[PDB]
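Visitor: Protein chains in written order, with the entry's author numbering: chain F, 520 to 545, 569 to 664; chain B, 520 to 545, 569 to 664; chain D, 520 to 546, 569 to 664; chain M, 1 to 52, 52A, 53 to 82, 82A to 82C, 83 to 100, 100A to 100H, 101 to 112; chain J, 1 to 52, 52A, 53 to 82, 82A to 82C, 83 to 100, 100A to 100H, 101 to 112; chain G, 1 to 52, 52A, 53 to 82, 82A to 82C, 83 to 100, 100A to 100H, 101 to 112; chain N, 3 to 9, 11 to 27, 27A to 27C, 28 to 95, 95A to 95B, 96 to 107; chain I, 3 to 9, 11 to 27, 27A to 27C, 28 to 95, 95A to 95B, 96 to 107; chain K, 3 to 9, 11 to 27, 27A to 27C, 28 to 95, 95A to 95B, 96 to 107.
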Ligand SMILES: *[C@@H]1O[C@H](CO)[C@@H](O)[C@H](O)[C@H]1NC(C)=O
Ligand SMILES: *[C@@H]1O[C@H](CO)[C@@H](O)[C@H](O)[C@H]1NC(C)=O
Ligand SMILES: *[C@@H]1O[C@H](CO)[C@@H](O)[C@H](O)[C@H]1NC(C)=O
Ligand SMILES: *[C@@H]1O[C@H](CO)[C@@H](O)[C@H](O)[C@H]1NC(C)=O
Ligand SMILES: *[C@@H]1O[C@H](CO)[C@@H](O)[C@H](O)[C@H]1NC(C)=O
Ligand SMILES: *[C@@H]1O[C@H](CO)[C@@H](O)[C@H](O)[C@H]1NC(C)=O
Ligand SMILES: *[C@@H]1O[C@H](CO)[C@@H](O)[C@H](O)[C@H]1NC(C)=O
Ligand SMILES: *[C@@H]1O[C@H](CO)[C@@H](O)[C@H](O)[C@H]1NC(C)=O
Ligand SMILES: *[C@@H]1O[C@H](CO)[C@@H](O)[C@H](O)[C@H]1NC(C)=O
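#1: Under a criterion of Cβ closer than 7 Å to any non-hydrogen atom of ligand 3, which residues qualify, in chain order?
#2: Return helix, strand or coil for residue 106/N, following the three-state DSSP convention.
#3: For residue 6/G, count neighbouring C-beta atoms within 10 Å of its own C-beta (all shown protein chains included) and say buried if the count is 16 or more, exposed if not.
#4: For residue 66/K, is the classification buried or exposed, using 16 other Cβ atoms within 10 angstroms of its Cβ as the cut-off for buried?
#5: So, using beta-carbon positions, are residue 39/M and residue 43/N closer together than 7 Å?
#6: Starting from the N-terminal end, write out each residue whose C-beta falls within a distance shorter than 6 Å of any non-hydrogen atom of ligand 7.
#7: According to the neighbour-count rule (16 or more other Cβ atoms, all chains shown, within 10 Å of its Cβ), is residue 17/I buried or exposed?
#8: Taking 6 Å as the cut-off, is the beta-carbon of residue 613/F closer than that to any non-hydrogen atom of ligand 2?
#9: Do you know offhand how far residue 593/F's Cα is from residue 587/B's?
#10: Is the segment 85-93 of chain J touching the segment 26-40 of chain J in the sense that three or more CB pairs, one from each, lie closer than 8 Å?
#11: On the three-state DSSP scale, how would you describe residue 631/B?
#12: If we define contact as Cβ-Cβ less than 7 Å, is residue 8/J a contact residue for chain N?
#13: Looking at the unbroken beta strand (DSSP E) that takes in residue 541/D, where does it start and where does it end?
#14: Answer with buried or exposed for residue 49/J, where buried requires no fewer than 16 other C-beta atoms within 10 angstroms of its C-beta.
#15: What in chain K is Cβ-close to residue 65/G, meaning under 8 Å?
#16: Within a Cβ cutoff of 8 Å, which residues of the same chain sit near residue 537/D, ignoring the five residues on either side of it in sequence?
#17: Is it buried or exposed for residue 20/K, if we count other Cβ within 10 angstroms and need 16 for buried?
#18: Under 7 Å, do residue 92/I and residue 27B/I count as touching if we go by C-beta distance?
#19: I need the DSSP call for residue 46/J, collapsed to helix, strand or coil.
#20: Got a sec? Which residues, its chain only, sit under 7 Å from residue 100D/M by beta carbon, not counting five neighbours each side?
#21: Quick one: give me the first and last residue of the beta strand (DSSP E) that residue 530/B is part of.
#22: Exposed or buried, which one is residue 95A/K when buried takes at least 16 other CB atoms within 10 Å?
#23: What is the C-beta distance between residue 22/I and residue 72/I, in whole angstroms, given that I count them as a contact (C-beta under 8 Å)?
#24: What separation, rounded to the nearest whole angstrom, lies between the Cα atoms of residue 13/I and residue 107/I?
#25: In whole angstroms, what separates the C-alpha of residue 70/M from that of residue 77/M?
#26: Got a sec: does ligand 4 put a non-hydrogen atom nearer than 6 Å to the Cβ of residue 52/M?
#27: Count the other C-beta atoms from every protein chain shown that fall within 10 angstroms of the C-beta of residue 46/G, then say buried if there are 16 or more, exposed otherwise.
#28: Which residues share a DSSP beta bridge with residue 88/I?
#29: In chain order, what residues of the same chain have a beta carbon less than 7 Å from the beta carbon of residue 101/N, not counting five sequence neighbours either side?
#30: Name the chain I residues that come within less than 7 Å of residue 45/G, Cβ to Cβ?
#31: Hey, residue 74/K and residue 63/K: beta-carbon distance below 7 Å or not?
#32: At a Cβ threshold of 7 Å, is residue 580/F touching chain D?
#33: Which of the three DSSP states, helix, strand or coil, is assigned to residue 579/D?
#34: Between which two residues does the alpha helix (DSSP H) holding residue 643/D run?
#35: For residue 30/K, which option in 104/K, 70/K and 80/K has the closest C-alpha, if you only look at C-alpha atoms?
#36: Quick one: is residue 630/D buried, meaning 16 or more other Cβ sit within 10 Å of its Cβ, or exposed?
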């Protein structure tokens, strides 16, 4: 399917079609056009850098060491990944997004430091 | 030698001069200079994303896991990599590029999910 | 601390908090003023990002390499560099040789990627 | 209620090869891992190989790493395993069984839910 | 003055988990990685485990890899080495030493210094 | 015709060391990957070590995995071996060989084409 | 392999237990030790999964527990219908996925 | 090493085959099998590379084949110059690069 | 462990050297050897860190060195108070870190 096609579909279904939605992400009339284009470029760069400082550079999908907290979602895994849409999930965790990002970044920094120390262990 | 230093040379002699070319991709006039610069940045970002969705991010050289269907080309390794120029090669396989890209993306996607399953195994 | 919090700290403490800087590198004639300011900022960031990625160091901030450290650049043992100095003085010190560092890094990464592909060539 | 049946050669000669097949019906075969397990005629059970639901991964005991190869067709709802250059220890009853590992996205399983009737394999 | 004490140890029958607590004082605790060294009543020394300064990395001698657990608490000056099973071989005096590894930003140590008094652990 | 001079020679104590050299002509020294193959006086031949064309990669058998060190010099068209420690079994005729590996740009070879006259290493 | 008693005996109305033990790497680290029943010459059946979870359609009389390196399965009532061989199934990480022990015989009087 | 007969024999004008037996990872994993001859005291020479392909400058007479975990070198009616020791070889394992075989004395008679 | 003498003899007025031998894969490859002197009623201490360097608080009499597959340690003029067993260690590798030797009981006459 095409752009945004799995938006209403199941979590599991939409989790297989990330690329189709990632590639389609990216005189005054020229002024507004360039402003919009630079804004879109800067937003893609936002996301790219934010993934880069998470150890997930260049992978559309990426696992990390930060453990889940039942406070964020008291949700059975089957419900999340086979019953509940992506939009409802973004809505549900919209409150707690920032703390997830902070913990994830801290874990990535700690992982980089540990990797550097291990590489020198000789 | 320099920018496009070995464009007409043999295949391998160009294969180790990629860094220079990769690096050299970055009112009546101000608007046009802005248009050209932002077109360049968009082109670079599109190339980087195309590489990233294949898992080859950050490496000029890379390796993939798609078999080479001989329909695209049947020339053996010595003929291509000792008696041919890059421009001739791009001319030869022009139609099949799209197909290749599609397969490449798909392979990465398959590989990626496989990797996640391995990281899911306890 | 926040932006440039460890501006004058010792090397280790500043290196521990490199993420805040990395994040902060990104954000009618005033229209074109802001447009060229922002595109110059984006171009500088992307040039630095590509200059990292050409070393295979993209996707990381603490990236390790294999260029031997020629003592001619500086003979300061690690105690002074990493416990009794700031980033500004250090950058002042190796300003005259940073280009040679970049070139050696290019060569080393090229050899390493070629050797990696060669290893993968085995069946 | 799922029917899990099997078929394959029973008698063979040492140094040859065979292909066991398994047919399943009564559920979503595409969303379930599969696994080949064996029990010697007098002795206990022994895991042979494990296959993910998408049919991309493979896993084997160290005994038959270079001798066995297990695959699965998802549309036809079928599994297969080709044994090459088999030895006498392989003489046993081979059971198909669902489960073994989840697909990283649903609940962890790490067991064998359904068990078919098996099929005996013997070699001269 | 750099000084290390150990607490815990003594009689422990096989199976009952036990922990040694080493307390260090007189120096910047967070700046050094730490090792445990076993000394049998009659035999020589033998490295046991090594833990980095930050407390993330851990390493153990292969013989007791799955049975020991080393941990730091930089908030209050301590070092907890907790192990289970405690087979007959674990009958010796354990020494809490500092050193053996460096954070890669300082001069490489690769040895242990300012050794502690040591605490005896026995198994019936 | 391609010719592989080998100077080499054998005269060393069992615990000593000895350097081998091999100069090849009649072809592009650069575009091939070299190797060392040993043959004891009466037994079957055996591969020693391998170096790729660029010289940035190398491989050894498990017998001398951490002992020998083979290198190359492309501009002067020389293959160098450095032995270390040694073991009285080494006594054999060592031959230089071209092939056994080739870069991904060239076609796979996995064999040895041109074999030099080698030399006998002697252990005192 | 794992270690189980070769056999057990008991009368209806009481309860019996079967133990399964192995290396600390598998039983101690992971609480994934299932129990299967195989009637004589018949297809095996899954009686317990994980350490305690009971499958749908399985009687309450079957129960399980794990203690350290050991895992026990307890059967109550013993209506004599389960005159079948019992086996344990321990998951041992990667490269060693499932291991079993000596076949256990449950005798019913 | 690779299992193969210590020595064989033949007569002029009669084709002779020599076998070379290996394990699963040895020959079956990769179809890169080679045969090298050496005369008494002389540096060895390559006779065939891969299963069937033959080097330039080699006689048509020498030929190769592969079946299962075994390989074979077939030669036509033996000339007076084809007396050597012939060695089987293959690429078998990324770590263990090259495992060779023992001697094969072709006793022309 | 490292092949070292169970005991050595040395009288006052002369120099005694202690040797400790291992394997090139651990001591020969890595230039990290450490020497310790444990008094039987006291914990060990560092007399020589690295092959030559000496930590602060130790007299110049102690003097280490390394060669081939043997680490040597010389004590210069001996005294009665230096009656304490010796021990050698080295960075074996990323898999096994440190391997300690036997105890050497020097004797002062
Ligand atoms: C919409 O949901 C129904 C079930 O309610 C499902 O059958 C159908 O496939 C879904 N469609 C898409 C596009 O996901
Ligand atoms: C889970 O979230 C609650 C609410 O913020 C917090 O108190 C608790 O510490 C969190 N636990 C973890 C492990 O993050
Ligand atoms: C998950 O939790 C819900 C909570 O009601 C439960 O009913 C359901 O059975 C669980 N589903 C699973 C494990 O698939
Ligand atoms: C999010 O924040 C609002 C504002 O504080 C709060 O009232 C609400 O309960 C939160 N929503 C969720 C879904 O947690
Ligand atoms: C150009 O072709 C000639 C042969 O005509 C060849 O020798 C030479 O190397 C080539 N030059 C380059 C730069 O590839
Ligand atoms: C594309 O196909 C046309 C028609 O066969 C042919 O002329 C052209 O050369 C092809 N180009 C390629 C394969 O690059
Ligand atoms: C500045 O130096 C002094 C040295 O003790 C210290 O108080 C302070 O933390 C240093 N910090 C920064 C941020 O420069
Ligand atoms: C190190 O740099 C100096 C100049 O600073 C130069 O003379 C010397 O050759 C270099 N040595 C190396 C790369 O080993
Ligand atoms: C570093 O070198 C200086 C002299 O340049 C010296 O005073 C200092 O003690 C050295 N530190 C270490 C840890 O070697």
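No residue lacks a Cβ here, since even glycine has one placed at the ideal position from N, Cα and C.
Guide: According to the structure data:
#1: Per the CB criterion, closer than 7 Å to any heavy atom of ligand 3, the qualifying residues run in chain order as 618/F, 620/F, 621/F and 100C/M.
#2: strand
#3: buried
#4: By the 10 Å Cβ count, residue 66/K comes out buried.
#5: no
#6: 525/D, 527/D and 528/D
#7: Looking at its Cβ environment, which holds fewer than 16 other Cβ atoms inside 10 Å, residue 17/I is exposed.
#8: Answer for residue 613/F: yes, Cβ within range of ligand 2.
#9: 15 Å
#10: yes
#11: If DSSP states are grouped into helix, strand and coil, residue 631/B belongs with the helices.
#12: no
#13: Run containing residue 541/D: none in the beta strand (DSSP E); it sits in the alpha helix (DSSP H), 537-543.
#14: buried
#15: Result: 27, 27A and 29.
#16: If the five residues before and after residue 537/D are omitted, its C-beta is found closer than 8 Å to the C-beta atoms of 602 and 603, all from its own chain and listed in chain order.
#17: Counting Cβ neighbours within 10 Å, residue 20/K comes out exposed, since fewer than 16 surround it.
#18: yes
#19: strand
#20: 98
#21: Segment 530-534 is the alpha helix (DSSP H) holding residue 530/B; no beta strand (DSSP E) there.
#22: exposed
#23: 5 Å
#24: 6 Å
#25: 9 Å
#26: no
#27: By the beta-carbon neighbour count (other beta carbons within 10 angstroms, threshold 16), residue 46/G is buried.
#28: 35/I
#29: 85 and 87
#30: 44, 87 and 98
#31: Contact flag set, yes.
#32: Yes - at least one Cβ of chain D is within 7 Å of the one on residue 580/F.
#33: helix
#34: Residues 639-662.
#35: 70/K
#36: exposed
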